[PDB]
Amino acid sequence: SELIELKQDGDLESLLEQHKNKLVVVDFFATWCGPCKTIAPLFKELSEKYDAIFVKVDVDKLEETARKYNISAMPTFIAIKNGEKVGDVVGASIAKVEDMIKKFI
């Protein structure tokens, strides 16, 4: 499994260049968000089930990245394939997140 928690704007772009052959799935979350805390260990369980790169982004730490992907509602999950955003799930729905991964992996 690979599960990477980012620190500052620019970190996702580096990650994407360094993981070119693989689907990247990003959980945009906030420290004030309860459903984000509930879904966190389940997103970690998915990272152990699928051969993709799982990434966590705190929207208060990566504010320009949150803007780049038009992120509003917490959590939002996006799938990034060959460097482009291809799908999203808005809200804490682990079934939806898994369905999105199956569609793009």
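Position 1 is the first residue in the sequence shown; the rest follow in order.
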If you take the mean CA temperature factor per stretch, which one wins between 41-49 and 56-64? 41-49
Chain thirds of CA B-factor: placement of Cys33: highest
Within this chain's modelled residues, let me know which third the CA B factor of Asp11 belongs to: lowest, middle or highest. lowest
Can you work out whether the C-alpha temperature factor of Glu98 puts it in the lowest, middle or highest third of the chain? lowest
For the chain shown, is the CA B-factor of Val90 in the lowest, middle or highest third of its modelled residues? highest
